[PDB]
Structure formats: structure tokens, C-alpha cells
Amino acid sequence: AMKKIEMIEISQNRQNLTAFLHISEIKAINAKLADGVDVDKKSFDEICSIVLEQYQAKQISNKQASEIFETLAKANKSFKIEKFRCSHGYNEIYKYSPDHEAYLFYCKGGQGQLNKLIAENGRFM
């Protein structure tokens, strides 16, 4: 019983992996999918797309989609790098620097400034 917001977050915060699903997991997901769908030689983004579309139209159950997304979250542990981070106790916003592989102080502000920066520059690298 995972919410669709959590399914979408799993689909959005992880890198698009290929050949990341052991055949065990691909047949287990195929058993939990509609229309003969076969997840194999399919990317992480493609599988998440398939499952979310199959879930919006009530083709698969919430428990099934949630189990599939749990298997996907277990398989794909390659998270995207967030472009910004915010420390709410210090009211500071940091920006990831590829040239330092670290988060550097960027500006002052809280969640509102963070969301404005995300809308203007993107959430991920």
C-alpha cells in the first residue's frame, strides 16, 4: 500500500538504469503486470512509465503496483544528485558543484527559495 506520490518519487529520483533487474525480478514483475507486458531489455524509466500508466487507468491493483515499485527501489539504488539542498535550521541553500563533488553555499533562504530555485534550474543534475 504505497501511495502513487511515492511511486512517482521513486521513478523521479533514481537514474535510468539498464540491465539492472535480475531475471527473477523481471518475471515476478511480469506476473504482476497487465497485457502481456514483459519487463526485460527495458530501462528503469520505461518500466516506471509502464507501471504508472497501467496504474492510473485501473488495470493493475495498488498492491501490485506497490510491490513492483518496491522491487524497483530495491534493484535501483543509483539516486540522482539533487541540484540544491537546504538546511532549515541555518536558513541556508547549497548548490552541488561538479567541480568539487560537494555542496557549496549558494544563498540564504528556506523551503520557498529552494522551491523557486528548483523551478528555475531543475531539481536534479
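All residue numbers are counted from 1 along the displayed sequence.
Between 59-67 and 95-103, point out the one with the higher average CA B-factor as the PDB entry records it. The deposited B-factors put 59-67 ahead on the C-alpha mean.
Taking the mean of the C-alpha B-factors per stretch from the entry, tell me the winner out of 86-94 and 35-43. Of 35-43 and 86-94, the stretch with the higher C-alpha B-factor average is 35-43.
Per the PDB entry, which option out of 48, 73, 29, 81 has the greatest Cα B factor? Of the candidates given, the C-alpha B-factor peaks at 29.
Can you work out whether the C-alpha temperature factor of residue 108 puts it in the lowest, middle or highest third of the chain? As the PDB entry reports it, the C-alpha B-factor of residue 108 lands in the middle third of its chain.
Lowest, middle or highest third: which one holds residue 1 when the chain's residues are ordered by CA B-factor from the entry? As the PDB entry reports it, the C-alpha B-factor of residue 1 lands in the highest third of its chain.
Lowest, middle or highest third: which one holds residue 11 when the chain's residues are ordered by CA B-factor from the entry? Its C-alpha B-factor belongs to the lowest third of this chain's values.
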